[PDB]
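Participant: can you look at this? It's an experimental structure, sequence on top.
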Amino acid sequence: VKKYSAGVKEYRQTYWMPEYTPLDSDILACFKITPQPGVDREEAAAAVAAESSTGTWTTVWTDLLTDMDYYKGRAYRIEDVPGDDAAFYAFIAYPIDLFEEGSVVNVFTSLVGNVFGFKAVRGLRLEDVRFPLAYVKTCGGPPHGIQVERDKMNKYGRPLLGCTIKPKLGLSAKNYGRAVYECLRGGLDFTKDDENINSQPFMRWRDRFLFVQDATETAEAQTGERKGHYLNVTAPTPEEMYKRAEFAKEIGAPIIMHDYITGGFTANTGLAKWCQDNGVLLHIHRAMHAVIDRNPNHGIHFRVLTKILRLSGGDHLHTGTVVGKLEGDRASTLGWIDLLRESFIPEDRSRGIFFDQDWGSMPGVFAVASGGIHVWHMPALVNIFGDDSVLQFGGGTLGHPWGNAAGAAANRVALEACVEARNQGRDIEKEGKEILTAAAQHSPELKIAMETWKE
Amino acid sequence: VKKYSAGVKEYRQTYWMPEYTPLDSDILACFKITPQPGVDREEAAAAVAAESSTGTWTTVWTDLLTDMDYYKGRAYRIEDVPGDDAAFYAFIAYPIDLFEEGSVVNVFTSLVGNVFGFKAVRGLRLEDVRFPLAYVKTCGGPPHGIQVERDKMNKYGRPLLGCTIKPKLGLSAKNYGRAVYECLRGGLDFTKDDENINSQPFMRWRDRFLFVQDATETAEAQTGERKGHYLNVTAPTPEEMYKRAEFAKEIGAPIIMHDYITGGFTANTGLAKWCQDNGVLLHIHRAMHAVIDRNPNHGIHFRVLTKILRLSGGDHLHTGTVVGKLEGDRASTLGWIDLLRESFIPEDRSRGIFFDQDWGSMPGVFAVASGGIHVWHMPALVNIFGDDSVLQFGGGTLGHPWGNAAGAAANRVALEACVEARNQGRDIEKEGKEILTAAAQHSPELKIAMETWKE
Amino acid sequence: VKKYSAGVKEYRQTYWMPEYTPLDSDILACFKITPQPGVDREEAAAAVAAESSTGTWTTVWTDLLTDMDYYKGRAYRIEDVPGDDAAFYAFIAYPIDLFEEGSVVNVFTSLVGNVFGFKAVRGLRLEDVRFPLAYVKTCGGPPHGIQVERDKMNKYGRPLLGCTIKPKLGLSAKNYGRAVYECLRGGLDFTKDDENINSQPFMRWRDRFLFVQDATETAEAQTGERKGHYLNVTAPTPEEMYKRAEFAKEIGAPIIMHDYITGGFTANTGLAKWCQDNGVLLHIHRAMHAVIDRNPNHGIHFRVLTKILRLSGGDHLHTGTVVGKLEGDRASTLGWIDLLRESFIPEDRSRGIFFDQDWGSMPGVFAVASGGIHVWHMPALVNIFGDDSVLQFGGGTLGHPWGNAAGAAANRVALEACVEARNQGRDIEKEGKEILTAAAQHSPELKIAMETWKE
Amino acid sequence: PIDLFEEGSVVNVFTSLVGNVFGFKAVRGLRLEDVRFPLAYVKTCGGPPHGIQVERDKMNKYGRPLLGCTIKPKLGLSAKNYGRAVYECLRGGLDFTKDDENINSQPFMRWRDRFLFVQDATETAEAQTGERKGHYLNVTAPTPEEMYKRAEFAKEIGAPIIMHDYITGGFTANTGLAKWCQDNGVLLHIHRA
Amino acid sequence: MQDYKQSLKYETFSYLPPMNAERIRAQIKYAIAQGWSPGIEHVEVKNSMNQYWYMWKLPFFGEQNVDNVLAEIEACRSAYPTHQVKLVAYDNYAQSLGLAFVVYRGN
Amino acid sequence: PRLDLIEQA
Amino acid sequence: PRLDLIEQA
Amino acid sequence: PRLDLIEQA
Amino acid sequence: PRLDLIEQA
C-alpha cells in the first residue's frame, strides 16, 4: 500500500503470505489459533501476525514511513490440529530485525505477551518457536553448561544427587547448616535452598550463606568429594541479588540458584552473565505446569519456556517431577530433556516439535528431577534422565528414619547401583526392584529406606 | 508432634485448623481448590497449606528443630463456590515471618509458584490475598502515585491522554520522534514506546531517547502544557535497564515505562526504587487475560497481580481494555480500579474481594485504558475510570485521516467535552453521542474522527 | 583417525573434503594459493586448511581428545585463477565455533595472521571471506551508520563535504581552529584532524579540541547548518584514547576519528562500542594500497579489510582516492562501495566477490573520497560515490587562492551544481565541464578555483 | 588533661564527664554547670561551617536580624502545598522559611518531592522580590548515608541552607554534616531543644 | 487531510472550547460537592509551567457558595489583569488537587 | 482518595 | 537504500 | 554428547 | 525463648 486511507481494514491482504518461504534468519512461531466464529482461518492467522508485529487495529499513516513488507510478521502456512477442529495451526515468520539482540523474552512478549486478537481470534496458544542460529548466537546462554560444570566439580559417569533442605521454611541458619552438613557428608553432591528461602526473619541470608559454606567445606573435607549448596540469591531488587551473589563468590560457594518465576528474565539474564564472569554455577528453578504451562489449550507450552531459559542462561533447570507423569507424557519428557542438552533438535510432531531447533555451540543444561521421589524411583530416573541430570531428593533424604546422612547414603547407593547395572547392560527399569534389593543387602541405610516408602 | 516418625502422613492433623482466628499480621489467601477424587476437603486444604509453607511430602526430622505451630500455614475455613460443586474455597493464613520483607512475590511464588498438590489437589487457583498493613509498610510501592504525579506534571481535573506510537515496530528514531512530536503538539499529555520497543536494529534506544526528548521539549514549548513520553527502559540485564533509565533522567525525560512481563519483579522493584530516588515517573505494563490471568479456573486472578504490581511499584498500571468487556465484568473493572487507587478496600464477594485490603498511606496508581479505543469510547471511559486515569489512544490518534496532530486534538476535544458534561451533571454515557456531536460542531478534527470509526 | 601415531603426515586425507557442502554458519575463505613445486593442489589447499585451524606440522596425541571432524577447517573446492596458472583458488570452510564472538580479527589472524605454509605452500593471498549472518550478528558494527548519521546531522540529499586541515603537521591549536573556522563557515560540513595529528609538542590535544570546538560552534551559528570536525582520538594507550573521546563528548563535539592503522583493531572496536554508548559519530581511516593491500599476489585484499572495518565499527571509512584510479578498477571501486553500504552483496567474480555477503540489518558506512582532488573531480566523484559519501577536499580547500572560506564555497557550489544536474537527469560526468562552467558564472570562488587547478 | 580526649570530638569530652559517671558510691547528685574548653582543644574542632559574618556575605544580608518562619501545620502538607506556603511567605518579606524539625520524609510528603517544590518556591520568590531567599531543608535522616544523600540533593538543586535536628540526629551525624557543609558551601541551621 | 495547528495549551479542559460562565460554574459546583476547597492561583504567562504559581489569598476552605468563588476569581483578575488565572480544588483526603483548570489564559 | 478509605475510618 | 537490497528481496 | 548430534552431523 | 512468648501464643 502506497497511499494513506484511514479506517479499520482486514489483515489478510498484508499479513497472510501463503507463498512465503521463511528465511533462515526468521523467528518462526507456531500458534494454535481458535478464531472468532465466522472469521476465516487465513484472516485470523493474519490478525495474529499483525498484532504480534507491525499491525494496528486501524490503519495508521506512519506505516508508510517504513517498509512494512520487510518488517511485518506474516503467516505463511495453516494446518489442522490432529484431534480438534475448532483450532488450527498458524505458522508465522518474524524478521530477525524485530527483536533486541540477546533479549529472548522481547521475542516472547512480542509474540504472546500483549497479543489480544484484533477481534479475529478467541483463543491463542504458542506451541513452538524456532530461534534461528543467528539469534541464538546473540544470547548469553548457560554460563558454563554440562561439560564445564562436570569439569569444575570433577564429577563424571553418573547423575548428580541433590536435596532441598526441609522444612521449606522455619529453620535458623545454624540448623540449616546442620541439615546441609549431614546431607553432604552422607553422599549427596549438592544441597539447595528452597526456592522461597531468600532472607526471612528466622534466617537472614548472610547468616545462612556463612553457615552453609562452613557445612559445605566440612563435608567436603570429610568425604574427599567436591560438594556444593545452591545458595538462593533471588532478591527483591537487582542490587540485592548481585550483593548476595557477590557474597556467595567471596566465601567460595561454587553454585547459586535463582527462582526465575520470582526474579524474572531481566534479573536472571543479568545473573547468568555475572555467573560466567565470576565462574559460579547457576541453578534455575522455573515451575512449569503452574499458572503458565499447565492449561493445554491456553498458554505457553513448556518447551518454549525451556528454550527461553536456556538462552537466558542457567547451568541447571528444574520444573516439576517426571516419574509421576504418565507413560504418555514420557515422550514429552524425553523431548524436553533434548531441548535442554542437545545441539540440534530435529522436527518431530509426535513430541510437539514443529521446527528444527539448532543451538550450535550453545552449552547444554543439566535437567533436574525433583518432587516426592525416593529410592524406588531411582531406576526410572536413571533410565529417563541419563547421566547429565541432577536428581534432587529433598524429603527422600531428610525423611529417612535414621536422619540426613543415612538418607543421603541410601540415595547414593541406590543411584550407583542403578548406574552400575545400566552400564552392565541390564534393563534397570524392568529389573529395578532386584537391583535395589541386591544393593540393599550391603547398605542397611538403603534397606530401611526401601521399607520406609512404597515400591 | 514431639517425636520423629519417618513416613508419609496426612496433613489434616497439622495444617487444618478450623478454630484458628487469623492474626492481623497474617498473610491470608483464598484458594479455589478442586481436590483429587476421594480426598476430603479438609485434607486437601491442609495439603495446600502444607506445601505452600512448612510441609513436606513425607515426615522430616528437621521439623522438630523449629516450632511448626508458629511457622506453618494453616487452613482455617472452607466455603462452597457459588455455582460449582467440585471446587471449594480454602482460606489459609500464613504467619508474616514466612516472607522476606519488601519482596511481595516471595509471598506470591510461595503461595502458588511451586505448589503442585501433595497428591491431594487436582486444581488450584489463587483468588485473593490479604497483605496485612504490617507487610505493606515494608514494600516500596508506587514511586510517586496519583497525587504527586499530578503535582509534578501540573495536570488537574481530567483523565490524562496518552498514545502508543504505531506501527509497533519498524520506525527509525527520527521518524519515531516525528510521530511523537505531532501527537504531543496536538493535545495529548503523553506518548509512549510500545511495550516491545527496546533497542532494535531499526531504532537503537539511545537514538530514540534523544529524538523523543527533542520532540517532547518542542511540543511542550509550542503548547504551553507539560508533555511526556514513556521511554521504555525494559532491557535484557539490570545494568542495561539502569543505564537507559539514567539516560532518560539525564536528558530530562519526566517518565519511563517498564514491561513487567518482559522484565520481571526483581527488575521492576529495583526500577521503582530507582525512580523514587531520581524523581522519574514509572509506567508499568503487565498484560492480563494473557497466559496468566485469563483462565477462570486455572491461574492467578488479576486482582492478586494488581496488588503485587502496586506493592512492587508503578505510577501507572496497564493491562487490557475495559469498554469492550461486557457490562457483567464492568463491576470487576470497577473493583480493579479501586484496588489500584483507594486506601482501604472493604470485602465484597460480588466483586471478587474476599478480604479487607488496607493500603494505609501507600499511594494510588493511575489506571490505564487502552485497546482499540477511539473517540466514541470516550463517554464510557470517562464514566468508568474517572479523572485518575490515563486514556491511551494509539491507533485512535495515528489513525486519524488528517494525521497525528488532528487525531490528538480530536481525542482531546472529546475528552474535555465529556469531562465538562460530567461536571455539569449530565449522564455522559447515555448522552454520549449528543455530547460528542455538539463538541464536533466546533472541532472539525473531532467531526471527521467520529466519521472515521463507528459509534 | 582413532589411534595415535606420532610423525609428520600429509594433510590431504583430513583437510581436503571435496564433497563438503558449507553450512550456512561456516566462515568461508577464498585463498589464492601458489603451491611449492611438486606439491599437489589438493594437498596444498589441505595444508592451508590445517594450519589456519586445527592442524599441526606433526601429528599430536591431543587431537584425539576432541573431534577434529567437527572443528577442522576443510578445503572443499579448487578453481583455476583466470590468467595465472601457477596459482589456484582454494575455498576453505571454517566452523563458526573456531572464533571468538564479536572479534572479527580473531577470524582474520587465524586465517592469514600466522599461516606460513606447513612446507606445502610458497604463496598465499586471502581474496574474500564469507562472514555468515550468525557471526555478523555478534559484532558491534557501525555505531550509527548512514541513515542515523544523516538524522543526527540533519543532512539530506547530497554527499557530505569535508576537508583535512593542512599542513598536516606544524600548526598551533589556535591557528588550527582558525583554519577549521574558515573552512566550516565557507560551506563544508566537516573538517578533520590529519591522521597523524594526535598530541604533539606544537599542538597538545586538549588545546586543539577546545579551539576546534569553538571554531565549530561559531561557524554553525554563522551558517545555520550543522557542522563537525573529526577530532582525532588516536592515542598510545586505550586509557588515553578513551580520555580524549570523553573530552570530545564533554565539549559537545559530534564526531571523532580513529586511525585504524595506528590504533589497531582492539582499540577501534572498543572505541566504536564507546561511540554507540555516547552518541558520537566515528570516522575511520585505514590506508589501503599501503603495506597491506597493494601487492596483487601477496597480502590481504582491501575488500576483506573493508568487511572487517564495517564489523569492527565505523560511521565513515576512508582509504585512498578513487578518481585517479583507472576506469578498470572503477568496477572494483563500485564493488568496494557496495560492501560498505548495502545489506546484501551477491557474488560477482568480475568485481572480486566470491561469496554472497549478507549484512542483514547491520548499518552501512559512509564511503570517503580524498586524495589530491579539487573542483574538477566533483562530477566524477558525485557519479561514482553517490549521495551516501563524504568528499574530503583538504588541499582543494586550503589551497584556494582566496583562502579557506572561498575554497569551501567553491567546493560547496561545485558539489551542489553536480547534484542538481544529476537530479535533472543530466550525465554529469560527460557534461561535467559545462555544469561547472555554468555554476561558475554565479560563483566567483568556483570560477577562480577552476582556474587554479587543471581540468 | 587534654590528652584524655579525642581531638575534634567534643562529646567525647562530654560523655566522659557526665555520660557514664554514676558516683562510685560517694555522690547522690551530679550536675555539670560549666566546662572550660581550652583554646588548644577548640582549634581541633570544626566549629561552624561558615558563621555569622560569612553567612551575611553569602546571603547579602546586613543591618538587621534575619526573619524566618516554620511552615505550619507541623505535619500533614503535601510537597506542592508545602512549596505554596513557602513561596507565599518568602515573597512577602521573610528571609527564610524552614522545615519543621520532624519533617523528614513522611508518606504524605517524600523528601525529594519537598526539596524540589521548595526550591522552585525559593527561586520564584527571590526573582519576584529581588532579595536572596532560603529555606532550611531538613536533612535529618535515619542513617548517615541517607542524611548525606539529602544534603547532596539540596546542594545539587542550589538550596543555600539546610537544617539538622541535633536531638534526632546526634553528635556524630551533626559533626559530619557540618564538615560536609563547609566543604560544599551550604549553610547549616541546627535545632536542639 | 487537515493539518494540525500547534498552539500552547493550559492542561485540563484547554482542548475544549473556552468555558462560558455556566460551564465554569458547573465545575466549581462539582468541586464543592466533592468536598474540595476551591482556590485561585495566578502567574505571569511566561511562568505558567512553574510548580508554584502565586496563590490568591488562601484556599477558600469550607466554602459552599459558588458565587463567592466567582467573585474572588474576578478580584484576582482585577488585581493581575495580565496573569493567567487558575481555579484549583484542594482535596485534603488525597492531599492532591481534585480539579484544576485555567479560567483566564492571561495576556 | 488516600486517607478517605482507611481501616481507621 | 537500507532495506531496498535485502536478501529478503 | 555436545558435538555428537550436531546439524553438521 | 523467641517464639515461646508470641502474641500468637
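Facilitator: All right, it came through fine. Residues are numbered from 1 along each chain as shown, chains lettered A, B, ... in the order given.
Participant: CA only for contacts and neighbour counts going forward, please
Facilitator: OK.
Participant: wait, what's in contact with residue A:199?
Facilitator: The contact partners of residue A:199, by Cα atoms under 8 Å, 6 or more residues apart in numbering or on different chains, come to A:205, B:99, B:100.
Participant: ok, now with 6 Å
Facilitator: Residues in contact with residue A:199 (Cα atoms under 6 Å, 6 or more residues apart in numbering or on different chains) are A:205, B:100.
Participant: count of neighbours near the closest residue to chain I within the stretch 201-350 of chain A?
Facilitator: Proximity of the stretch 201-350 of chain A to chain I (Cα to the nearest Cα) peaks at residue A:202, 9.9 Å away. The local packing of residue A:202 (other Cα atoms under 10 Å in any protein chain shown) involves 18 other residues.
Participant: same check on residue E:62?
Facilitator: 11.
Participant: next, give phi and psi for residue A:10.
Facilitator: Phi and psi for residue A:10, reported as degrees, to the nearest 10, are phi -70, psi 160.
Participant: if I look at it, how far off is residue A:119?
Facilitator: In this structure, residue A:10 and residue A:119 are 11 Å apart, going by Cα to Cα, to the nearest Å.
Participant: looking at those two, which one has more neighbours?
Facilitator: Taking other Cα under 10 Å, residue A:10 and residue A:119 do not tie; residue A:10 has more neighbours (16 against 13).
Participant: is the closest residue to the more buried one other than its chain neighbours in a helix, a strand, or coil?
Facilitator: Excluding its sequence neighbours, the residue lying closest to residue A:10 (Cα to Cα, 6 or more residues apart in numbering or on different chains) is residue A:43, at 7.3 Å. Taking DSSP: H, G, I helix; E, B strand; the rest coil as the rule, one finds residue A:43 in the helix state.
Participant: same deal with residue A:433?
Facilitator: Going by three-state DSSP: residue A:433 is helix.
Participant: what's the neighbour count on it?
Facilitator: Residues within reach of residue A:433, counting by other Cα under 10 Å, total 15.
Participant: OK, contacts around it?
Facilitator: Going by Cα under 6 Å, 6+ apart, the list of residues near residue A:433 is empty.
Participant: same check, this time on residue A:110
Facilitator: A:52, B:196.
Participant: in which helix or strand would I find the residue of chain A found nearest chain D?
Facilitator: Per Cα to the nearest Cα, residue A:239 is where chain A lies closest to chain D, at 16.4 Å. Secondary structure from DSSP states H and E places residue A:239 in helix A:238-250.
Participant: tell me the secondary structure at the closest residue to chain I within chain E.
Facilitator: Going by Cα to the nearest Cα, chain I is nearest to residue E:93 of chain E, at 33.6 Å. Using three-state DSSP, the structure places residue E:93 in coil.
Participant: residue contacts, the closest residue to chain H within chain F?
Facilitator: Here the residue of chain F nearest chain H is residue F:2; by Cα to the nearest Cα that distance is 59.0 Å. Residue F:2 makes contacts with B:342, B:343, E:94, as judged by Cα under 6 Å, 6+ apart.
Participant: same check on residue A:145?
Facilitator: A:315, A:363, A:364, A:365.
Participant: quick one on the thing from earlier: how much space separates the residue of chain E closest to chain I from chain C?
Facilitator: To chain C, residue E:93 is 46 Å away according to Cα to the nearest Cα, to the nearest Å.
Participant: likewise for residue A:417?
Facilitator: In terms of Cα to the nearest Cα, residue A:417 sits 29 Å off from chain C.
Participant: quick one, phi/psi of the residue of the stretch 201-350 of chain A closest to chain I?
Facilitator: phi -70, psi -20.
Participant: not counting sequence-adjacent ones, nearest residue to it?
Facilitator: Spatial nearest neighbour of residue A:202, chain neighbours left out: residue A:172 (5.7 Å); criterion: Cα to Cα, 6+ apart.
Participant: how about residue A:453?
Facilitator: That would be residue B:7: by Cα to Cα, 6+ apart, it lies 6.7 Å from residue A:453.
Participant: gap between that neighbour and residue B:59?
Facilitator: 6 Å.
Participant: more neighbours: the two, which one.
Facilitator: Per other Cα under 10 Å, whichever of residue B:7 and residue B:59 has more neighbours is residue B:59, with 23 against 19.
Participant: I'd like the distance between that one and chain G.
Facilitator: For residue B:59, the distance to chain G - Cα to the nearest Cα - is 62 Å.
Participant: in terms of contact, does that residue touch residue B:6 like I think?
Facilitator: Yes - in this structure, residue B:59 is within contact of residue B:6 by Cα atoms under 6 Å, at 5.4 Å.
Participant: what's the overlap in contacts for these two?
Facilitator: Shared contacts of residue B:59 and residue B:6, defined by Cα under 6 Å, 6+ apart, are found at residue A:399.
Participant: which strand in chain A runs the most residues?
Facilitator: strand A:27-35 (DSSP state E).
Participant: list the neighbouring strands of that one plus their orientation.
Facilitator: Paired neighbours of strand A:27-35 in the sheet (DSSP bridges): strand A:88-94 (antiparallel), strand A:121-123 (antiparallel), strand A:125-130 (antiparallel).
Participant: now the shortest one: how far from the chain's centre is it?
Facilitator: The reference is to strand A:121-123. Centre-to-centre, strand A:121-123 and its host chain are 28 Å apart (Cα atoms, centre = their mean, to the nearest Å).
Participant: mind listing what's buried along it?
Facilitator: Within strand A:121-123, the residues scored as buried using 16 or more other Cα atoms under 10 Å in any protein chain shown are A:121, A:123.
Participant: how about the secondary structure of residue A:417?
Facilitator: From three-state DSSP, the assignment for residue A:417 is helix.
Participant: contacting residues around it?
Facilitator: Going by Cα under 6 Å, 6+ apart, residue A:417 touches no other residue.
Participant: tell me the spacing between it and chain H.
Facilitator: In this structure, residue A:417 and chain H are 23 Å apart, going by Cα to the nearest Cα.
Participant: before we move on, what about residue E:22?
Facilitator: Counting by Cα to the nearest Cα, the gap from residue E:22 to chain H is 77 Å.
Participant: buried set for the helix or strand encompassing that residue?
Facilitator: Residue E:22 is part of helix E:21-33, with elements assigned from DSSP H and E. By 16+ other Cα under 10 Å, the buried positions in helix E:21-33 come out as E:24, E:25, E:26, E:27, E:28, E:29, E:30, E:31, E:32.
Participant: residue of chain E closest to chain C, please.
Facilitator: For chain E, Cα to the nearest Cα, closest residue to chain C: residue E:6, 22.5 Å.
Participant: those strands in chain E, which residues are they?
Facilitator: Using DSSP E, strands in chain E cover E:37-43, E:54-55, E:84-91, E:96-104.
Participant: can you put those strands in a markdown table and add distance to residue B:397?
Facilitator: Shown next, in a markdown table, are those (distance: least, Cα to Cα, whole Å):
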| stretch | distance to residue B:397 |
| --- | --- |
| strand E:37-43 | 32 |
| strand E:54-55 | 36 |
| strand E:84-91 | 29 |
| strand E:96-104 | 24 |
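Participant: looking at these, which is nearest to residue B:254?
Facilitator: Nearest to residue B:254, of all the strands of chain E, is strand E:96-104, at 19.1 Å by Cα to Cα.
Participant: so in that sheet, which strands flank that closest one, and in what orientation?
Facilitator: Strand E:96-104 has these strand partners (DSSP bridges): strand E:84-91 (antiparallel).
Participant: and the residue in the stretch 251-400 of chain A positioned nearest to chain F, what does it touch?
Facilitator: Ranked by Cα to the nearest Cα, the top residue of the stretch 251-400 of chain A for proximity to chain F is residue A:262, at 29.1 Å. For residue A:262, the contact set (Cα under 6 Å, 6+ apart) comprises residue B:105.
Participant: picking that back up, of the buried residues of helix E:21-33, list those near chain B.
Facilitator: Checking those against chain B by Cα under 6 Å from any Cα of the partner chain, the ones in range are E:26, E:27, E:30.
Participant: quick check, nearest of these to residue B:228?
Facilitator: Nearest to residue B:228 among those, counting by Cα to Cα, is residue E:27 at 26.5 Å.
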